[PDB]
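Enquirer: Structure supplied as coords-v4.txt; contents: compact mmCIF, C-alpha atoms.
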```
# COMPACT_ATOMS: atom_id res chain seq x y z
CA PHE A 281 79.69 -89.51 19.47
CA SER A 282 76.29 -88.04 18.29
CA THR A 283 76.22 -85.46 21.18
CA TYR A 284 79.96 -84.79 20.41
CA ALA A 285 79.75 -84.61 16.53
CA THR A 286 76.52 -82.43 16.57
CA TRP A 287 78.98 -79.43 16.92
CA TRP A 288 81.05 -80.40 13.82
CA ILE A 289 78.04 -81.47 11.63
CA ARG A 290 76.23 -78.11 12.36
CA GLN A 291 79.42 -75.94 12.11
CA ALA A 292 80.44 -77.67 8.79
CA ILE A 293 76.88 -77.54 7.24
CA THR A 294 76.31 -73.85 8.29
CA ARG A 295 79.97 -72.94 7.31
CA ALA A 296 79.14 -74.37 3.81
CA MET A 297 75.63 -72.71 3.73
CA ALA A 298 77.43 -69.40 4.66
CA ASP A 299 79.43 -69.54 1.34
CA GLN A 300 78.02 -71.88 -1.36
CA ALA A 301 74.21 -71.30 -0.78
CA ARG A 302 74.33 -67.80 -2.46
CA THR A 303 75.63 -67.03 -6.02
CA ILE A 304 77.48 -63.88 -4.73
CA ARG A 305 79.94 -64.46 -1.78
CA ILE A 306 79.03 -62.94 1.65
CA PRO A 307 81.09 -64.03 4.75
CA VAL A 308 79.36 -65.95 7.65
CA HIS A 309 79.92 -62.89 9.98
CA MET A 310 78.09 -60.69 7.33
CA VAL A 311 75.33 -63.30 6.37
CA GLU A 312 74.43 -64.33 10.01
CA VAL A 313 73.01 -60.72 10.23
CA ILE A 314 70.83 -61.50 7.09
CA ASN A 315 69.70 -64.95 8.48
CA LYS A 316 68.90 -63.45 11.96
CA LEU A 317 67.30 -60.42 10.12
CA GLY A 318 65.11 -63.01 8.27
CA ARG A 319 64.31 -64.89 11.55
CA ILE A 320 63.44 -61.72 13.63
CA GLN A 321 61.52 -60.25 10.59
CA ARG A 322 59.52 -63.57 10.59
CA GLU A 323 59.12 -63.16 14.43
CA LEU A 324 57.95 -59.48 14.05
CA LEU A 325 55.69 -60.54 11.07
CA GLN A 326 54.25 -63.33 13.36
CA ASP A 327 53.79 -61.21 16.58
CA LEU A 328 52.91 -57.61 15.43
CA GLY A 329 51.18 -58.95 12.24
CA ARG A 330 52.37 -56.40 9.59
CA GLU A 331 55.86 -55.91 7.97
CA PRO A 332 58.40 -54.07 10.22
CA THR A 333 60.47 -51.07 8.90
CA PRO A 334 64.29 -50.81 8.32
CA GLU A 335 64.39 -48.18 11.17
CA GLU A 336 62.76 -50.70 13.63
CA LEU A 337 65.05 -53.46 12.13
CA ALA A 338 68.08 -51.16 12.90
CA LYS A 339 66.57 -50.54 16.42
CA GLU A 340 66.31 -54.39 16.87
CA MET A 341 69.87 -55.09 15.50
CA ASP A 342 71.18 -51.87 17.28
CA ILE A 343 72.83 -50.62 14.00
CA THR A 344 72.75 -47.54 11.65
CA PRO A 345 69.49 -47.61 9.55
CA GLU A 346 71.68 -47.00 6.39
CA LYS A 347 73.36 -50.47 6.99
CA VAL A 348 70.09 -52.59 7.01
CA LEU A 349 69.39 -50.93 3.57
CA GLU A 350 72.96 -52.01 2.50
CA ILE A 351 72.39 -55.65 3.80
CA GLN A 352 68.94 -56.06 2.03
CA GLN A 353 70.54 -55.16 -1.40
CA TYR A 354 72.97 -58.10 -0.66
CA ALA A 355 69.91 -60.21 0.47
CA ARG A 356 68.42 -59.63 -3.08
CA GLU A 357 69.00 -63.16 -4.58
CA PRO A 358 69.72 -62.63 -8.32
CA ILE A 359 67.02 -63.20 -11.04
CA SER A 360 67.40 -65.20 -14.34
CA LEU A 361 67.21 -63.99 -18.02
CA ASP A 362 65.13 -66.80 -19.68
CA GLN A 363 61.90 -66.26 -17.60
CA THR A 364 58.32 -66.22 -19.08
CA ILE A 365 56.72 -62.88 -17.90
CA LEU B 738 40.53 -34.49 -35.73
CA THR B 739 43.33 -33.14 -33.40
CA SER B 740 43.79 -35.28 -30.21
CA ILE B 741 45.87 -34.80 -26.99
CA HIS B 742 48.21 -37.77 -26.12
CA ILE B 743 49.91 -37.75 -22.63
CA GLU B 744 52.95 -40.10 -22.17
CA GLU B 745 53.69 -40.88 -18.45
CA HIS B 746 57.44 -41.09 -17.48
CA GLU B 747 58.25 -42.66 -14.04
CA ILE B 748 61.71 -42.65 -12.27
CA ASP B 749 62.88 -42.99 -8.61
CA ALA B 750 65.93 -42.62 -6.27
CA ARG B 751 66.40 -46.10 -4.63
CA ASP B 752 69.38 -46.50 -2.19
CA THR B 753 71.56 -49.05 -4.14
CA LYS B 754 74.36 -50.89 -2.16
CA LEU B 755 77.00 -48.53 -3.79
CA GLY B 756 75.70 -45.25 -2.18
CA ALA B 757 72.28 -43.50 -2.53
CA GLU B 758 70.54 -42.24 -5.76
CA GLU B 759 69.27 -38.58 -5.84
CA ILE B 760 66.70 -36.61 -7.97
CA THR B 761 68.64 -33.27 -8.37
CA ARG B 762 69.26 -30.67 -11.17
CA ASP B 763 73.13 -30.63 -11.13
CA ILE B 764 75.05 -33.29 -13.19
CA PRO B 765 78.88 -32.94 -13.56
CA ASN B 766 79.71 -33.67 -17.28
CA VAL B 767 76.81 -31.82 -19.10
CA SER B 768 76.16 -28.42 -20.82
CA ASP B 769 74.33 -25.43 -19.17
CA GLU B 770 71.83 -24.88 -22.09
CA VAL B 771 70.29 -28.42 -21.64
CA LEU B 772 69.95 -27.67 -17.83
CA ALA B 773 67.35 -24.88 -18.50
CA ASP B 774 63.81 -26.46 -18.38
CA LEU B 775 64.76 -27.92 -14.91
CA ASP B 776 64.43 -25.80 -11.69
CA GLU B 777 66.94 -25.85 -8.72
CA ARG B 778 65.23 -29.05 -7.29
CA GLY B 779 65.85 -30.95 -10.62
CA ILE B 780 62.30 -31.25 -12.16
CA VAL B 781 61.20 -29.42 -15.39
CA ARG B 782 59.02 -26.26 -14.91
CA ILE B 783 55.32 -26.86 -15.86
CA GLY B 784 54.42 -26.20 -19.56
CA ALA B 785 58.01 -26.25 -21.01
CA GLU B 786 57.85 -27.73 -24.60
CA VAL B 787 60.29 -30.73 -24.87
CA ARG B 788 62.36 -31.88 -27.94
CA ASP B 789 63.41 -35.61 -28.15
CA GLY B 790 66.68 -35.54 -26.09
CA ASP B 791 65.42 -33.09 -23.37
CA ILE B 792 65.68 -33.92 -19.59
CA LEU B 793 62.27 -34.60 -17.87
CA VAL B 794 63.79 -35.55 -14.42
CA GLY B 795 67.36 -34.69 -13.29
CA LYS B 796 68.55 -37.93 -11.53
CA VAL B 797 72.12 -38.90 -10.36
CA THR B 798 73.55 -42.44 -9.63
CA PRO B 799 76.48 -42.96 -7.15
```
For this file, produce the structure as structure tokens.
Expert:
Amino acid sequence: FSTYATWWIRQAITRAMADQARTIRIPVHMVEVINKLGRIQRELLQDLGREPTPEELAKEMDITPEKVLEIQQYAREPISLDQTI
Amino acid sequence: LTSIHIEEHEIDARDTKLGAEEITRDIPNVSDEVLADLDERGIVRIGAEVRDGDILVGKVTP
């Protein structure tokens, strides 16, 4: 029942984390790209050492480099008003 | 006792999720006379005296 339910636990948890984790809504099929972008950016930060570029990100994802710019602006988690600066 | 005081004014064209920002002369709903100090590229020509209200950088949002 563990080896069975592992599916449903994961799918439920990640289906929730797709929606309710962020303030602004972004569907699972349009946030998985941001999560995997995060993961492979961590991988490319780990391996190559420096930060990779949206062009190389778009070469890794196999997308238009004007989309990875569009997905980062979504990946900007919003900032509060009452903050000591 | 006359001094020279230089105020720095910084602006940029960042690609917002809507479209892409641009630093260009032409704006739609303006007058011609105010678009004078600027050149074709959308920056003021060097040495043009500015009155409070003048355009220092021509920038457009999507």
Enquirer: Go through chain B residue by residue and, counting all atoms listed in the file, keep those with an atom at most 12 Å from chain A; for each kept residue give the shortest atom pair and its distance in Å to one decimal, ordered by chain and increasing number, as a tab-separated table.
Expert:
```
residue	atom	partner	partner_atom	distance
B:751	CA	A:349	CA	10.0
B:752	CA	A:349	CA	7.3
B:753	CA	A:353	CA	6.8
B:754	CA	A:350	CA	5.0
B:755	CA	A:350	CA	8.2
B:756	CA	A:350	CA	8.7
B:757	CA	A:346	CA	9.6
```
Enquirer: Show me, as a ChimeraX atom specification, the residues that have an atom within 12 Å of residue 770 (chain B) when counting all atoms listed in the file, minus same-chain residues fewer than 4 positions from it.
Expert: /B:774-775,791-792
Enquirer: Would you write out those residues with C-alpha atoms, as a compact mmCIF listing (two decimals), keeping the file's coordinate frame?
Expert:
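Generated file (again08.txt):
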```txt
# COMPACT_ATOMS: atom_id res chain seq x y z
CA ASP B 774 63.81 -26.46 -18.38
CA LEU B 775 64.76 -27.92 -14.91
CA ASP B 791 65.42 -33.09 -23.37
CA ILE B 792 65.68 -33.92 -19.59
```
Enquirer: Provide the CA of residue 344 (chain A) to CA of residue 317 (chain A) distance in Å, to one decimal place.
Expert: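 CA of residue 344 (chain A) sits 14.1 Å away from CA of residue 317 (chain A).
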Enquirer: Report, in Å with one decimal, the straight-line distance from CA of residue 743 (chain B) to CA of residue 782 (chain B).
Expert: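 It comes out at 16.6 Å.
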Enquirer: Just give me the gap between CA of residue 765 (chain B) and CA of residue 786 (chain B) in Å, one decimal is fine.
Expert: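 Interatomic distance, CA of residue 765 (chain B) to CA of residue 786 (chain B): 24.3 Å.
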Enquirer: So for region 782-796 of chain B, what box centre and size do we get, axis-aligned, 3 Å extra on each of the six sides, every listed atom, Å to one decimal, as AutoDock Vina command-line options?
Expert:
```
--center_x 61.5 --center_y -32.1 --center_z -19.8 --size_x 20.1 --size_y 17.7 --size_z 22.6
```
Enquirer: With a distance cut-off of 12 Å and all atoms listed in the file, select the neighbouring residues of residue 304 (chain A), excluding the residue or stretch itself and same-chain residues fewer than 6 positions from it, and output the selection as a PyMOL selection string.
Expert: chain A and resi 298+311+353-358
Enquirer: Using all atoms listed in the file, which protein or nucleic acid residues come within 12 Å of residue 309 (chain A)? Drop anything in the same chain fewer than 4 positions from it, and give the result as number ranges by chain.
Expert: A: 294-295, 298-299, 305, 313-316
Enquirer: Which polymer residues have any atom within 10 Å of an atom of residue 779 (chain B), counting all atoms listed in the file, with same-chain residues fewer than 6 positions away left out, as a PDB file with C-alpha atoms, in the coordinates of the input?
Expert:
```
ATOM      1  CA  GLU B 759      69.270 -38.580  -5.840  1.00  0.00           C
ATOM      2  CA  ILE B 760      66.700 -36.610  -7.970  1.00  0.00           C
ATOM      3  CA  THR B 761      68.640 -33.270  -8.370  1.00  0.00           C
ATOM      4  CA  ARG B 762      69.260 -30.670 -11.170  1.00  0.00           C
ATOM      5  CA  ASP B 763      73.130 -30.630 -11.130  1.00  0.00           C
ATOM      6  CA  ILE B 764      75.050 -33.290 -13.190  1.00  0.00           C
ATOM      7  CA  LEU B 772      69.950 -27.670 -17.830  1.00  0.00           C
ATOM      8  CA  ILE B 792      65.680 -33.920 -19.590  1.00  0.00           C
ATOM      9  CA  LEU B 793      62.270 -34.600 -17.870  1.00  0.00           C
ATOM     10  CA  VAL B 794      63.790 -35.550 -14.420  1.00  0.00           C
ATOM     11  CA  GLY B 795      67.360 -34.690 -13.290  1.00  0.00           C
ATOM     12  CA  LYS B 796      68.550 -37.930 -11.530  1.00  0.00           C
TER      13      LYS B 796
END
```
